[PDB]
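Just run-v5.cif here, mmCIF, N, CA and C atoms:
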data_start
#
loop_
_atom_site.label_atom_id
_atom_site.label_comp_id
_atom_site.auth_asym_id
_atom_site.auth_seq_id
_atom_site.Cartn_x
_atom_site.Cartn_y
_atom_site.Cartn_z
N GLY A 1 -7.15 -6.83 -5.36
CA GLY A 1 -6.25 -5.70 -5.21
C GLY A 1 -6.96 -4.36 -5.24
N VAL A 2 -6.30 -3.34 -4.71
CA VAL A 2 -6.85 -1.99 -4.66
C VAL A 2 -6.32 -1.21 -5.86
N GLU A 3 -7.23 -0.61 -6.62
CA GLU A 3 -6.90 0.04 -7.88
C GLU A 3 -7.09 1.54 -7.73
N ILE A 4 -6.03 2.29 -7.99
CA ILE A 4 -5.96 3.71 -7.66
C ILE A 4 -6.10 4.53 -8.93
N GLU A 5 -6.90 5.60 -8.87
CA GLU A 5 -6.99 6.61 -9.92
C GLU A 5 -6.89 7.97 -9.24
N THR A 6 -5.67 8.45 -9.06
CA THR A 6 -5.44 9.68 -8.32
C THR A 6 -5.70 10.88 -9.21
N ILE A 7 -6.58 11.78 -8.77
CA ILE A 7 -6.66 13.10 -9.37
C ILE A 7 -5.36 13.84 -9.06
N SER A 8 -4.75 14.41 -10.12
CA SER A 8 -3.32 14.70 -10.19
C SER A 8 -2.67 15.47 -9.04
N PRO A 9 -3.15 16.64 -8.59
CA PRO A 9 -2.26 17.54 -7.84
C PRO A 9 -1.98 17.08 -6.42
N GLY A 10 -0.85 17.55 -5.90
CA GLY A 10 -0.36 17.19 -4.59
C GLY A 10 1.13 17.43 -4.48
N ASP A 11 1.88 16.45 -3.98
CA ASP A 11 3.33 16.54 -4.00
C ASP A 11 3.96 15.25 -4.54
N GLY A 12 3.26 14.13 -4.37
CA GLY A 12 3.67 12.88 -4.97
C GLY A 12 4.86 12.19 -4.34
N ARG A 13 5.38 12.68 -3.22
CA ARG A 13 6.56 12.09 -2.61
C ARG A 13 6.47 11.87 -1.11
N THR A 14 5.58 12.57 -0.40
CA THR A 14 5.44 12.38 1.04
C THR A 14 4.67 11.08 1.24
N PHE A 15 5.39 9.99 1.27
CA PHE A 15 4.72 8.70 1.31
C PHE A 15 4.32 8.35 2.74
N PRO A 16 3.12 7.81 2.93
CA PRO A 16 2.69 7.41 4.27
C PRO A 16 3.45 6.17 4.72
N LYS A 17 4.04 6.26 5.91
CA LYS A 17 4.81 5.17 6.50
C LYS A 17 4.25 4.86 7.88
N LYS A 18 4.90 3.92 8.56
CA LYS A 18 4.46 3.52 9.88
C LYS A 18 4.81 4.59 10.91
N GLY A 19 4.12 4.53 12.05
CA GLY A 19 4.30 5.53 13.08
C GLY A 19 3.78 6.90 12.69
N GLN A 20 2.78 6.95 11.82
CA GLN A 20 2.28 8.20 11.27
C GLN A 20 0.77 8.24 11.39
N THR A 21 0.25 9.29 12.03
CA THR A 21 -1.18 9.51 12.14
C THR A 21 -1.60 10.49 11.06
N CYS A 22 -2.57 10.09 10.24
CA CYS A 22 -2.95 10.84 9.06
C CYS A 22 -4.44 11.19 9.08
N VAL A 23 -4.80 12.17 8.25
CA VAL A 23 -6.11 12.81 8.25
C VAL A 23 -6.69 12.70 6.85
N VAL A 24 -7.88 12.12 6.74
CA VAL A 24 -8.50 11.84 5.45
C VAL A 24 -9.90 12.44 5.43
N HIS A 25 -10.20 13.21 4.38
CA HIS A 25 -11.56 13.68 4.11
C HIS A 25 -12.27 12.66 3.22
N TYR A 26 -12.58 11.51 3.81
CA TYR A 26 -13.12 10.43 2.99
C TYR A 26 -14.60 10.67 2.70
N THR A 27 -15.12 9.86 1.78
CA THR A 27 -16.53 9.91 1.40
C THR A 27 -16.92 8.51 0.95
N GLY A 28 -17.78 7.86 1.72
CA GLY A 28 -18.23 6.53 1.36
C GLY A 28 -19.21 6.56 0.20
N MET A 29 -19.20 5.49 -0.58
CA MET A 29 -20.06 5.40 -1.76
C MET A 29 -20.29 3.94 -2.07
N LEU A 30 -21.55 3.57 -2.25
CA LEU A 30 -21.90 2.21 -2.66
C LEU A 30 -22.08 2.17 -4.17
N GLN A 31 -21.47 1.18 -4.81
CA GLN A 31 -21.64 0.99 -6.24
C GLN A 31 -23.05 0.48 -6.52
N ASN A 32 -23.65 1.03 -7.59
CA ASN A 32 -25.06 0.81 -7.96
C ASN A 32 -26.00 1.15 -6.81
N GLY A 33 -25.65 2.18 -6.06
CA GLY A 33 -26.42 2.56 -4.90
C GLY A 33 -26.12 3.98 -4.49
N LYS A 34 -26.52 4.31 -3.28
CA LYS A 34 -26.39 5.66 -2.77
C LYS A 34 -25.19 5.75 -1.84
N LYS A 35 -25.03 6.91 -1.20
CA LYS A 35 -24.00 7.08 -0.19
C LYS A 35 -24.35 6.30 1.08
N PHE A 36 -23.33 6.07 1.89
CA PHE A 36 -23.55 5.58 3.24
C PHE A 36 -22.71 6.29 4.28
N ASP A 37 -21.69 7.05 3.89
CA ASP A 37 -20.87 7.77 4.86
C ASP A 37 -20.21 8.94 4.15
N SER A 38 -19.95 10.00 4.93
CA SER A 38 -19.24 11.17 4.41
C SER A 38 -18.59 11.87 5.60
N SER A 39 -17.26 11.90 5.62
CA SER A 39 -16.53 12.54 6.71
C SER A 39 -16.67 14.06 6.68
N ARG A 40 -17.02 14.64 5.53
CA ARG A 40 -17.15 16.08 5.41
C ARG A 40 -18.37 16.62 6.14
N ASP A 41 -19.35 15.76 6.44
CA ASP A 41 -20.58 16.22 7.08
C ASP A 41 -20.33 16.63 8.53
N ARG A 42 -19.75 15.73 9.32
CA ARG A 42 -19.46 16.02 10.72
C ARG A 42 -18.33 17.02 10.88
N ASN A 43 -17.50 17.19 9.85
CA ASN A 43 -16.37 18.13 9.80
C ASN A 43 -15.33 17.83 10.87
N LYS A 44 -15.26 16.57 11.30
CA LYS A 44 -14.14 16.06 12.08
C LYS A 44 -13.42 15.04 11.19
N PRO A 45 -12.32 15.41 10.55
CA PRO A 45 -11.85 14.60 9.42
C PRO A 45 -11.01 13.37 9.77
N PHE A 46 -11.41 12.62 10.80
CA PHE A 46 -11.05 11.21 11.02
C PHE A 46 -9.53 11.01 11.12
N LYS A 47 -8.97 11.52 12.21
CA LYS A 47 -7.56 11.28 12.50
C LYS A 47 -7.34 9.82 12.88
N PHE A 48 -6.37 9.18 12.23
CA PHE A 48 -6.09 7.77 12.48
C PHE A 48 -4.65 7.49 12.06
N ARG A 49 -4.07 6.44 12.63
CA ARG A 49 -2.68 6.09 12.40
C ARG A 49 -2.57 4.95 11.40
N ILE A 50 -1.33 4.52 11.15
CA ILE A 50 -1.03 3.52 10.13
C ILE A 50 -0.40 2.30 10.79
N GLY A 51 -0.97 1.12 10.53
CA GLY A 51 -0.34 -0.14 10.86
C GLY A 51 -1.01 -0.95 11.95
N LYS A 52 -1.94 -0.38 12.70
CA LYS A 52 -2.57 -1.08 13.82
C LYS A 52 -3.89 -1.74 13.44
N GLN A 53 -4.19 -1.84 12.14
CA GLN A 53 -5.42 -2.43 11.59
C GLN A 53 -6.67 -1.75 12.15
N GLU A 54 -6.60 -0.43 12.30
CA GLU A 54 -7.77 0.34 12.70
C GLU A 54 -8.81 0.35 11.58
N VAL A 55 -8.38 0.74 10.38
CA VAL A 55 -9.23 0.72 9.20
C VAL A 55 -9.25 -0.68 8.60
N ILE A 56 -10.12 -0.88 7.62
CA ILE A 56 -10.23 -2.11 6.85
C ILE A 56 -9.01 -2.32 5.96
N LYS A 57 -8.90 -3.51 5.36
CA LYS A 57 -7.71 -3.88 4.60
C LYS A 57 -7.57 -3.07 3.32
N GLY A 58 -8.66 -2.94 2.55
CA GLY A 58 -8.58 -2.27 1.26
C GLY A 58 -8.33 -0.78 1.35
N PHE A 59 -8.84 -0.15 2.41
CA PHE A 59 -8.52 1.26 2.64
C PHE A 59 -7.09 1.43 3.13
N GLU A 60 -6.53 0.40 3.76
CA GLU A 60 -5.17 0.50 4.30
C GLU A 60 -4.13 0.53 3.19
N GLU A 61 -4.28 -0.35 2.19
CA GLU A 61 -3.38 -0.31 1.04
C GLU A 61 -3.60 0.93 0.20
N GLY A 62 -4.85 1.39 0.10
CA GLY A 62 -5.12 2.62 -0.63
C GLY A 62 -4.58 3.85 0.07
N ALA A 63 -4.47 3.80 1.40
CA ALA A 63 -3.86 4.90 2.12
C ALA A 63 -2.35 4.95 1.91
N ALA A 64 -1.72 3.79 1.74
CA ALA A 64 -0.27 3.74 1.62
C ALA A 64 0.22 4.16 0.24
N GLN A 65 -0.59 3.98 -0.79
CA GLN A 65 -0.18 4.24 -2.17
C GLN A 65 -0.45 5.67 -2.61
N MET A 66 -0.54 6.61 -1.68
CA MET A 66 -0.85 8.00 -1.97
C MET A 66 0.30 8.90 -1.51
N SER A 67 0.03 10.20 -1.52
CA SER A 67 0.92 11.20 -0.94
C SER A 67 0.08 12.38 -0.49
N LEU A 68 0.74 13.46 -0.09
CA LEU A 68 0.06 14.61 0.48
C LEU A 68 -0.72 15.37 -0.58
N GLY A 69 -1.95 15.75 -0.25
CA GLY A 69 -2.76 16.58 -1.11
C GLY A 69 -3.39 15.86 -2.28
N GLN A 70 -3.19 14.56 -2.41
CA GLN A 70 -3.74 13.83 -3.54
C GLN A 70 -5.25 13.64 -3.37
N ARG A 71 -5.89 13.20 -4.44
CA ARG A 71 -7.31 12.88 -4.42
C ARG A 71 -7.47 11.55 -5.15
N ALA A 72 -7.49 10.46 -4.38
CA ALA A 72 -7.52 9.14 -4.96
C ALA A 72 -8.94 8.74 -5.33
N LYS A 73 -9.09 7.51 -5.80
CA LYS A 73 -10.39 6.95 -6.11
C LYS A 73 -10.27 5.44 -5.91
N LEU A 74 -10.68 4.97 -4.74
CA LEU A 74 -10.50 3.57 -4.40
C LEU A 74 -11.47 2.68 -5.17
N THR A 75 -11.16 1.39 -5.19
CA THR A 75 -12.09 0.37 -5.67
C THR A 75 -11.81 -0.87 -4.82
N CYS A 76 -12.55 -0.99 -3.72
CA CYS A 76 -12.29 -2.03 -2.74
C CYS A 76 -13.02 -3.31 -3.12
N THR A 77 -12.30 -4.42 -3.09
CA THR A 77 -12.87 -5.72 -3.38
C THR A 77 -13.71 -6.18 -2.19
N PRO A 78 -14.66 -7.11 -2.41
CA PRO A 78 -15.46 -7.59 -1.27
C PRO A 78 -14.66 -8.35 -0.22
N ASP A 79 -13.67 -9.14 -0.65
CA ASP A 79 -12.97 -10.03 0.27
C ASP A 79 -12.00 -9.32 1.20
N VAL A 80 -11.77 -8.01 1.03
CA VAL A 80 -10.90 -7.29 1.95
C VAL A 80 -11.67 -6.50 3.00
N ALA A 81 -12.92 -6.13 2.73
CA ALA A 81 -13.65 -5.26 3.65
C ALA A 81 -14.88 -5.92 4.27
N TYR A 82 -15.87 -6.30 3.47
CA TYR A 82 -17.13 -6.74 4.05
C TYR A 82 -17.82 -7.86 3.29
N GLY A 83 -17.20 -8.46 2.27
CA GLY A 83 -17.92 -9.32 1.34
C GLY A 83 -18.38 -10.64 1.93
N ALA A 84 -17.76 -11.09 3.01
CA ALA A 84 -18.22 -12.30 3.67
C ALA A 84 -19.37 -12.02 4.61
N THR A 85 -19.22 -11.02 5.48
CA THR A 85 -20.21 -10.72 6.50
C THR A 85 -21.20 -9.65 6.04
N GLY A 86 -20.69 -8.45 5.75
CA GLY A 86 -21.56 -7.31 5.53
C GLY A 86 -21.91 -6.66 6.86
N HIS A 87 -21.72 -5.36 6.97
CA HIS A 87 -21.98 -4.68 8.23
C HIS A 87 -23.48 -4.58 8.45
N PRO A 88 -23.99 -4.98 9.64
CA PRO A 88 -25.44 -5.22 9.81
C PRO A 88 -26.32 -3.99 9.65
N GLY A 89 -27.16 -4.01 8.61
CA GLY A 89 -28.05 -2.93 8.29
C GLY A 89 -27.46 -1.85 7.42
N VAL A 90 -26.15 -1.64 7.50
CA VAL A 90 -25.49 -0.56 6.77
C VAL A 90 -24.93 -1.04 5.45
N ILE A 91 -24.19 -2.14 5.47
CA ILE A 91 -23.51 -2.67 4.30
C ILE A 91 -24.07 -4.05 4.00
N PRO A 92 -24.59 -4.29 2.80
CA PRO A 92 -25.08 -5.62 2.47
C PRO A 92 -23.93 -6.59 2.28
N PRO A 93 -24.17 -7.89 2.43
CA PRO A 93 -23.10 -8.86 2.18
C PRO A 93 -22.73 -8.91 0.71
N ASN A 94 -21.44 -9.19 0.46
CA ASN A 94 -20.84 -9.31 -0.87
C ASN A 94 -21.02 -8.01 -1.67
N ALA A 95 -20.40 -6.95 -1.17
CA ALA A 95 -20.55 -5.61 -1.73
C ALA A 95 -19.21 -5.07 -2.21
N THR A 96 -19.28 -4.13 -3.14
CA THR A 96 -18.10 -3.51 -3.73
C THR A 96 -18.12 -2.02 -3.40
N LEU A 97 -16.99 -1.51 -2.92
CA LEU A 97 -16.95 -0.20 -2.27
C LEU A 97 -16.14 0.80 -3.07
N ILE A 98 -16.61 2.05 -3.08
CA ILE A 98 -15.98 3.17 -3.76
C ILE A 98 -15.75 4.27 -2.73
N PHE A 99 -14.58 4.91 -2.78
CA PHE A 99 -14.28 5.96 -1.82
C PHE A 99 -13.62 7.15 -2.49
N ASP A 100 -14.04 8.34 -2.09
CA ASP A 100 -13.39 9.59 -2.48
C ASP A 100 -12.44 9.97 -1.36
N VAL A 101 -11.15 9.70 -1.57
CA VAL A 101 -10.14 9.82 -0.53
C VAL A 101 -9.23 11.00 -0.86
N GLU A 102 -9.14 11.94 0.07
CA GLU A 102 -8.19 13.04 -0.02
C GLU A 102 -7.34 13.04 1.25
N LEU A 103 -6.03 12.98 1.08
CA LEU A 103 -5.09 12.87 2.19
C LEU A 103 -4.50 14.25 2.45
N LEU A 104 -5.01 14.94 3.46
CA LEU A 104 -4.51 16.23 3.90
C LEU A 104 -4.09 16.05 5.35
N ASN A 105 -2.87 15.59 5.56
CA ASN A 105 -2.48 15.00 6.83
C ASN A 105 -1.32 15.74 7.48
N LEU A 106 -0.84 15.17 8.58
CA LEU A 106 0.42 15.50 9.21
C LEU A 106 1.26 14.23 9.31
N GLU A 107 2.49 14.39 9.82
CA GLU A 107 3.48 13.31 10.01
C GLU A 107 3.77 12.52 8.73
#
Reformat the file's structure so that it appears as structure tokens.
Amino acid sequence: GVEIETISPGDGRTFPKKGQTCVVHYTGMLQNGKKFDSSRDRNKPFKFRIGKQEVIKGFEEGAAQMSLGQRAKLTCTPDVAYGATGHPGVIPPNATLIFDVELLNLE
């Protein structure tokens, strides 16, 4: 399961639903390791929709359990994202993922 630790401020009620394209200032982080991705660097904050399995499974449930302006803290299990395969060269097999997720979106 995805375990959420939201840094408090936001609105707490604009729940993400289907048919909604949302904007996340995410930041990838490997546990017991260094960074591997940061959306703030390119400054194109990754517009994507909900429900078409564009993102991985653990980020999808973590996106749904938030609201506008929040600052979550994901803890993705290996079996939802990459723990069987591992992304070649970037993500090792059987890995545990941490994300700094801020939802500053539309719709």
| request: Tell me which of A:53, A:77, A:85, A:67 sits closest to residue 23 of chain A, counting only C-alpha atoms. | output: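 The closest residue to residue 23 of chain A is A:67.
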| said: Using all atoms listed in the file, can you tell me which of A:43, A:105, A:68, A:81 comes closest to residue 15 of chain A? | reply: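 Counting all atoms listed in the file, the residue closest to residue 15 of chain A is A:68.
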| said: From the options A:33, A:89, A:51, A:1, which residue's atoms come nearest to residue 18 of chain A, counting only C-alpha atoms? | reply: A:51
| task | Pick out the closest residue to residue 9 of chain A from this set: A:71, A:98, A:25, A:76. Count only N, CA and C atoms. | result |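 Comparing A:71, A:98, A:25, A:76 against residue 9 of chain A, the winner is A:71.
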| task | Provide the atom CA of residue 8 of chain A to atom CA of residue 82 of chain A distance in Å, to one decimal place. | result |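 Atom CA of residue 82 of chain A lies 29.2 Å from atom CA of residue 8 of chain A.
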| So how far away is atom CA of residue 100 of chain A from atom CA of residue 86 of chain A, in Å? | 20.4 Å
| field | Which of chain A DSSP labels strand (DSSP E), written as a ChimeraX atom specification | value | /A:21-23,28-30,47-49,71-73,97-102
| Nearest candidate to residue 95 of chain A (options A:55, A:13, A:30, A:107; using all atoms listed in the file) |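 When distances to residue 95 of chain A are compared using all atoms listed in the file, the smallest one comes from A:30.
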| Mind pulling up the distance from atom CA of residue 50 of chain A to atom C of residue 29 of chain A? |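 Between atom C of residue 29 of chain A and atom CA of residue 50 of chain A the gap is 22.8 Å.
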| Pick from A:56, A:99, A:61, A:78: nearest to residue 35 of chain A, with only C-alpha atoms counted? | A:99
| Backbone DSSP call of alpha helix (DSSP H) for segment 13-107 of chain A, listed as a ChimeraX atom specification | /A:39-42,57-64,78-81
